[PDB]
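What follows is a short report on a single structure.
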Protein chains: 10
Amino acid sequence: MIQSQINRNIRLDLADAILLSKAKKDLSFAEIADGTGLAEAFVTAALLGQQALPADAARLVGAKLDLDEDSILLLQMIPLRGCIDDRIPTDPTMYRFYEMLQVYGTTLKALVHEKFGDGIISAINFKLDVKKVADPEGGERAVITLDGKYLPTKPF
Amino acid sequence: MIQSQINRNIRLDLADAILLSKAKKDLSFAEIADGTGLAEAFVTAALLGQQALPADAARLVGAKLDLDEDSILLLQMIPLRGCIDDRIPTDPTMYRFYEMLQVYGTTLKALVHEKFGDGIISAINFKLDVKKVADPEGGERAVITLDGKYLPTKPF
Amino acid sequence: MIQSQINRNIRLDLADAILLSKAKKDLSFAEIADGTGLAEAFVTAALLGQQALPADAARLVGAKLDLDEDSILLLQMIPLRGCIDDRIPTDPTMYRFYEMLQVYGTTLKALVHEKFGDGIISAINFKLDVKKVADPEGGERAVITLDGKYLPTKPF
Amino acid sequence: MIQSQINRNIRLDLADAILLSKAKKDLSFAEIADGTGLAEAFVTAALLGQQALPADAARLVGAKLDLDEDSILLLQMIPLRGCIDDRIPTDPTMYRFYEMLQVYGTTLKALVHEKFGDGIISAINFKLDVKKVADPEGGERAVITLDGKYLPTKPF
Amino acid sequence: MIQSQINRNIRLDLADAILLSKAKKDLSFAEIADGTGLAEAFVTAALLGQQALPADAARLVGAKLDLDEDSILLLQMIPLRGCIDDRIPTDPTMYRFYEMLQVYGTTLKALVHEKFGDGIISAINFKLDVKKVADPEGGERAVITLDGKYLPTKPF
Amino acid sequence: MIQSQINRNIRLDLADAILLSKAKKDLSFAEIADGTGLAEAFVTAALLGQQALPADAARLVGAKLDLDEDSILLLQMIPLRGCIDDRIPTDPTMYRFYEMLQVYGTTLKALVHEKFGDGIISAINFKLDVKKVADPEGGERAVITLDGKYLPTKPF
Amino acid sequence: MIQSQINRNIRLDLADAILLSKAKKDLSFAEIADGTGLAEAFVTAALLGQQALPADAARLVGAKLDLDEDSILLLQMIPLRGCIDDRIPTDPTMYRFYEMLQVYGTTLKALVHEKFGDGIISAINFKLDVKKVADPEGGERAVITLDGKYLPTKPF
Amino acid sequence: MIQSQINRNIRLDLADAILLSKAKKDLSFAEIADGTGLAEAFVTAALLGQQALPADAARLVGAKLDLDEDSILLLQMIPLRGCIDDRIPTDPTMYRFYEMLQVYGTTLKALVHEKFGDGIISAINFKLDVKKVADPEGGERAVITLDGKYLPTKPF
Amino acid sequence: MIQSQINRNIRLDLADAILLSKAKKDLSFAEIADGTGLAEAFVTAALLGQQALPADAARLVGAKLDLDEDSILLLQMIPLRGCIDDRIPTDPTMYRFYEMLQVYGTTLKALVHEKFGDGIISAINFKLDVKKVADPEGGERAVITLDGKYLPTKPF
Amino acid sequence: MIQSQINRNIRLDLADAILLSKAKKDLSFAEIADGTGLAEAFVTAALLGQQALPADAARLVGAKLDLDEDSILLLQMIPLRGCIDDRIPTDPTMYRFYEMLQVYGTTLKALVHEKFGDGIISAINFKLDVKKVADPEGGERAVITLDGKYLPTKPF
């Protein structure tokens, strides 16, 4: 796939139409991803304009959501990524993950360098998943797993 | 603890001093946290100005790092939290965690609302840990676990 | 329930239409919320794009305001919250509540840590109400009650 | 009093020194304000650079805290108000009160105009207090009362 | 009037239409405000989205400018105030009044506190008027009067 | 005077020292400007770093405040003007004058063009004064006069 | 002219339409301004939304460009000035004039105060022109002349 | 010269020192540059941190201003250029040159492309000068000449 | 070519249309640029709104992509350059080139001044090339060549 | 190396000290890096706070520059990277490399996705080289090579 986007608004406008059709059809993201062979977080991210779907998956989710052919094609383009409106989220749900960075950002840096060395944990060679577990004290918790490759920074 | 800070620079300046002592002594954060009864991410965050240590742990890390009494006292104060200089990290290691929000922030929202409902995953009733593992294709990966309680939003 | 929004413009445009219909019909927010079983601040926030109405409430307010069926569905979706255009309000009425934070924000932090300990007062597990009272010196006063759960930060 | 400040850093530096002395002495804000004739929120705000204390209270708290003569005079100066470092708080405890504005700011405007008319709720003719209560579901809640005069805007 | 706006663009779009009609009809703001019983600065501000006209005035200016009924109703709505596009004006004419704040802002604070005490000069209980006078050395000057109530900040 | 500044911090630091001296000596700005032949708003502005005092005035005020010779010379330098820390004031007293621009900025433009023509009201060929007057409904008001030359924009 | 604009987008949208028509007709700005009696920089700035054309000049360029009556009227309105999208230009050609400010801004201030005194060089009583000349080393140079009246700031 | 700076504060601190010494010695920029063979705008800019002086010029002006040897060396380093504190000047004198860009920036672009073609007017191969001329209507004008090489953008 | 744009949205909107047509016809940028005589980086940049195509090339690519005549003319127009939505890219692919500047920006400055002297490497007299090479360690690398003319800064 | 920094000011203050010593000793970056076995761009970036030197290289450059022991240790710490003062460079030399991103940023994205596919060119597994070459038309050019590993984005 060699086609790519440069203006996020195209795929984000499409995401809005996907969300409307999904709401009208009472569909979950789990059901939309079911049968693609792709993880729900990857498929969901594509619907929301942040990943590219392979052709087969694009056609399958397109049927489910009743998308036109131009829309099924856009879903296959490599996106201009960046889902936050203006750098810092205003939405509370979305903001808590930013706050995690404000509280633990330097600790994540410190422990990455301690355990791995100079370099980065990838956001590209990277997977994430969201799991609901019972809280032994009452209620529920989310266990969100960020799984990224370590890439070293080495002299040259 | 009822004492709290309002100017992050005080504890951030102490953090720099801690990092210098730690470097001169060839200590790791795991080493410093060993024996405190507390997780390495929590103790590390406290050293870096983002948590408060209980008195016993403050005295122990203070002995390990040869910190003076004002410093051992400062570590027990509730901090003015926020480790990022100016909202968006410039450091590549830190930035990748912000990039994961730019790529998956709306997906985390979507999947939280689907699995839990309206509300948030907490950044307060919250634990995180960093694990080094083998990458099955070669090299190493970080598995970073964000473990947060779900708090619902419901009508009143 | 499980459907959510990622572009606040959709629900904010709906808010503008609701406000137009509301004005043509000479309706108050108190009137619109009457019979929903929900507090006026909660129903008002939903109309203005910041909460989700349960289905029964959406139909009741929808009938009162003569909203079409797409609008009645939108009111039930979980919003992308954030009512301020660009971080700091320009409107004097809204600004005073921001200035309240500029004057007392560190005092709120200090007293919260003194009375409760390390942690937060929730904006999620949270109730708001606005009460008009006579001023014994002449005039009227607003008594605005912010009622939020304390969630502690504890070591792990 | 007719003397005022133009650089908030002077009074905020004094606040840092006050907090250190307060912590060394194991004092609460409630104790410091005791015998002052003034509400804890007002005295605390003055200590943190956001209000001016009368000479009598400045000397009383100054003695309690061991402040030099220049500091007790500073406490009586009219401040350059503004406690937030850079417009939006990073600290989670302070941030939650900002988030209340992001979620309810337009609701507060709408309900103020409905109950009072065109105008504002004052942040000057204004009192606030923080009370700790039981949470009938378990735990504790903060009831924060914002009590502000209504000033109307009327044609001229 | 209990109806209010939350999106300034609606009234600012109306303002644009008002300005076009006013130009096609060769009307001045003084002419439009004549007969309303209201000062030219107040009526002009309402046309430009920054005040609410009483019903009688709205119908009068609506007839003078040939406004439709939706517009006459909009002019009676309480606005979301804030006429500056992005905080600092680019327009030279508007910018000069911002520059006066950059040069004299702390002087105004200093002199207000000297003459009145701790508190504010109101922008709500407030009148302004623009008068053209001769410059004794040749040309013209504008004498702009800001007339605002003093509200004291008093301890509690 | 041909000497000028490029770093506002030097004169603003001097302002801080001036305000301390003035506080210890219990002086008013009216008192300090007395005997200079200059308006209190101009002398106050100079002390706060926003105007240059002629040598005779600099020596007069410098005597009253007990300033060293380096400071009396600094006050005669042409300043790098700009009294607001970061574009928008946080202080309530100075914020109200910014709010006047958010509400009436476009009205001031519109009326200036109507009365004078294309061009500006100067902030350079400019006087301002602050006058306290009784409010017939009770209390006090500030009448603040901005008096600026009209300079037209004319085709070339 | 007493009619003015408050939303720059109206005149900037007209500029876009003017530019398309101009390119279709293979016209230069020098040709469009020919016969108006006005300098090419003034007429060009008017077309681009930053000056008001006298009526006769508006009709002349309107004929050359095939503009409709509403557009010819718009060109005569006093504009809401400000041609830069967001404060700092991104376009290399316009950025160099900003860079000229970053490099020489304080030099221009220092030399203006040295040669003229305290005060400003006007941007209002102001002419500019662009001239192409030979570079003695080969190639071409632009000689851009900023011709502004000196307005002093003197005590009052 | 192969040495360069990366932190503008070093040379800007030197500039403040230079300006105090210059003020104590009652010197003009014209006098300081006299005998260097360099234009007053180039020498002034170097003193203010925006150019590098050759060795002989640095020794000359350093003698005139009684600079230490470290300071004379600093004047010869290639600077980290950028004289504006925070992107947009607050000083009225410098702001007017920014306003010329807000009003004429697109006109400068348009006329450069018309006269020269696609490309830029250099800010590097560039000369500027400030000349005082009498205004035939009374008073003084500044004629500021920006003289830059045209560099074309050509396809490759 | 003497015609130029001032609003980037016109050419960027055309870019979006070009990308959609390019995706529908399964074309690459190398293919589109084939037979124009122009480097793929230059032609691609023109399509994406950042260069002007000569007329012959504009008609060739216009045919390949089924562009209408307004669009083929627009491609020949000198653009208002600037492809980044809001100064800092959000897209990871684009961001890495920004991170290169955050890590090596001062090194590039230092080494340019060391090897060439005071002055700049041009972004105008400039060629850009992207080549894919095999990584001896496995995988592939991009070798991106920035070839700019050195322009000296010399005293005047 | 497991030790890392969180406050860039420490290493950037050291960079300033290094640059002073380097200028006093009339050293080039090429000579400082000679004998380290590391590329001049790597060693230079380390001196400027953006890379960590191995211990032997730290000692060798520390000897050349006469650095104290704490400085030789600091050069070995993993930095808090980010060399740009405030996101966008002000310095002309550094700004040109940002301008290349404003002009070619979307072209680099497009061509990377065309030649390699979805994913990124690394700034971490990355080397850069600056080469001076004669310009056949006269003068000099810089050939700057960015050599980064391709990391693909693939579904999971």
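Letters A, B, ... mark the chains of the structure tokens in the order given; residue numbers begin at 1 per chain; ligand numbers begin at 1, in order shown.
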
Extract, using only C-alpha atoms, all DNA, RNA and protein residues at most 7 Å from region 60-73 of chain B, discarding same-chain residues fewer than 3 positions from it, and format them as number ranges by chain. B: 21-22, 32, 56-57, 76-77

Using only C-alpha atoms, determine which residues lie at most 9 Å from residue 133 (chain C), disregarding the query and same-chain residues fewer than 3 positions distant; provide the list as a PyMOL selection string. chain C and resi 139-143

With N, CA and C atoms retained, export the selected residues as a short mmCIF file (atom, residue, chain, number, x, y, z; two decimals), in the first residue's frame.
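Saved to out.cif:
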data_model
loop_
_atom_site.label_atom_id
_atom_site.label_comp_id
_atom_site.auth_asym_id
_atom_site.auth_seq_id
_atom_site.Cartn_x
_atom_site.Cartn_y
_atom_site.Cartn_z
N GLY C 139 -29.41 42.85 47.28
CA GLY C 139 -29.06 42.08 46.10
C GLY C 139 -29.26 40.59 46.31
N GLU C 140 -28.70 39.83 45.38
CA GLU C 140 -28.74 38.38 45.46
C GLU C 140 -27.34 37.80 45.33
N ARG C 141 -27.23 36.53 45.72
CA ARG C 141 -25.99 35.77 45.66
C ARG C 141 -26.28 34.41 45.04
N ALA C 142 -25.27 33.85 44.37
CA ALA C 142 -25.31 32.47 43.93
C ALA C 142 -24.51 31.63 44.92
N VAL C 143 -25.09 30.53 45.35
CA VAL C 143 -24.40 29.56 46.20
C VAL C 143 -24.24 28.33 45.33
#

Using only C-alpha atoms, find the residues of chain F whose closest atom to chain E is at most 7 Å away, then write them as number ranges by chain. F: 41, 44-45, 50, 81-84, 92-94, 96, 99-100, 102-107, 109, 114-115, 119-123, 132, 140-150

Can you work out the spacing between CA of residue 78 (chain H) and CA of residue 8 (chain H) in Å, to one decimal?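 Between CA of residue 78 (chain H) and CA of residue 8 (chain H) the gap is 10.6 Å.
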
Select from region 1-154 of chain C everything DSSP, run on the backbone, classes as strand (DSSP E or B), then give the selection as number ranges by chain. C: 4, 78, 119-134, 140-152
